[PDB]
Amino acid sequence: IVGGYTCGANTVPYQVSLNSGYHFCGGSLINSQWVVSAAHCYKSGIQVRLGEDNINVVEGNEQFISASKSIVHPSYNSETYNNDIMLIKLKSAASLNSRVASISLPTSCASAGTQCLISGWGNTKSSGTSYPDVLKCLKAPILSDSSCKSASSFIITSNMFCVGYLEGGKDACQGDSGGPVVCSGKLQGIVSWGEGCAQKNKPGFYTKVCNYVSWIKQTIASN
Ligand SMILES: N=C(N)NCCC[C@@H](NS(=O)(=O)Cc1ccccc1)C(=O)NCC(=O)NCc1ccc(C(=N)N)cc1
Ligand SMILES: [Ca+2]
């Protein structure tokens, strides 16, 4: 997260860190047994870390739980990031409390101008590299599709939406991949892709979760 602020320990209780020996992606806890992340975050040997603030220190509210199963979207296409969503089932149910809590799926898509919260342990520099140990947060509006249309040479599909700033300096970034964009108490986005980070007139692109609610519920129900 570039140009954000320190969230405060456990103020984002649905935020998870995916760990394969080190943090490599964010994700969102959607019930006591399942996490939603990005398809591009797919790897073998995922440990899900809940209740995290400082990812380098055991502070006492962490729960580490191995994934039993990962399910990349059936139609995920890595060269376009189309359908960039994956579900991860936990080997055991999380113990829910005030620091480890699920986030609701949306009932409808959110409208442009709505304020959302993006969070993660990703890069904090638009040029160069600094990875934070505590969770970072960024308040960011949904932009009109029209506002972001001309921002890339790469295809932008209807399974993607635009969130962030045209003025530059405020954005999600590498290492934020898979993490939440939450708007009015609903998981509307998944950190997916963008051209660099925090560049002028180059906002980020996020998996449009409101298109996936049927697939998510059905997949959870059958697994
Ligand atoms: N098919 C498409 N759309 N290709 C373009 C996206 C590739 C890549 N962008 S990039 O940051 O690595 C560097 C880049 C690549 C091509 C052109 C300009 C700049 C990228 O984002 N790859 C995945 C990735 O790195 N995701 C992490 C991430 C998280 C947040 C942002 C953000 N600025 N909101 C960017 C990347
Ligand atoms: Ca910790």
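Residues numbered from 1 in each chain as written, not as in the entry; some residues may be left out. Chains lettered and ligands numbered in written order. Heavy atoms only, no water.

In the nomenclature of the PDB entry, the protein corresponds to Cationic trypsin from the organism Bos taurus. Word for word, the UniProt comment on the protein under Sequence similarities is "Belongs to the peptidase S1 family." (UniProt positions renumbered as here; feature names shortened; annotations may be inferred.)

### Description of the side chain of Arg-49
Mapped onto the fold, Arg-49 is located in strand β5 (residues 47–50). Polar contacts involving the side chain of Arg-49 include one to the side chain of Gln-47, which spans 2.8 Å. Sequence-distant contacts of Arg-49, defined by excluding residues within four places in its chain, comprise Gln-15, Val-16, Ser-17, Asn-19, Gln-63 and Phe-64. (Helix = DSSP H or I, 4+ residues; strand = E, 2+ residues; numbered from the N terminus. Polar contact = N/O pair within 3.5 Å; in protein donor to acceptor, adjacent residues only side chain to side chain. Contact = heavy atoms within 4.5 Å.)

### Regarding the domain arrangement of the protein
Domain boundaries in the protein define domain 1 (1–12 + 103–210) and domain 2 (13–102 + 211–223). Once you take the C-alpha centre of each, domain 1 and domain 2 turn out to be 18 Å apart. Counting residues at the interface gives 39 residues for domain 1 and 38 residues for domain 2. Interface area for domain 1 against domain 2, summed over the two sides, is near 3000 Å², with a carbon-plus-sulfur share of 55%. Looking only at domain 1, the three residues that lose the most surface to domain 2 are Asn-10, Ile-103 and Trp-121, adding up to 25% of its buried area. Counting across the interface, domain 1 meets domain 2 through zero salt bridges. Sorting the residues of the side of domain 1 that touches domain 2 by element identifies β8 (115–120), β11 (180–183), β12 (186–193) and β13 (204–208) as the ones contributing at least two each. Looking at which element gives the most residues to the side of domain 1 that touches domain 2, the answer is β12, with five residues. By residue class, the composition of the side of domain 1 that touches domain 2 is 21 nonpolar, 15 polar and three charged. (Domains from an automatic or database assignment. Buried area = accessible area lost by both parts, 1.4 Å probe. Salt bridge = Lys/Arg side-chain N within 4 Å of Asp/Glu carboxyl O. Nonpolar A, V, L, I, M, F, W, Y, C, P; charged D, E, K, R; others polar.)

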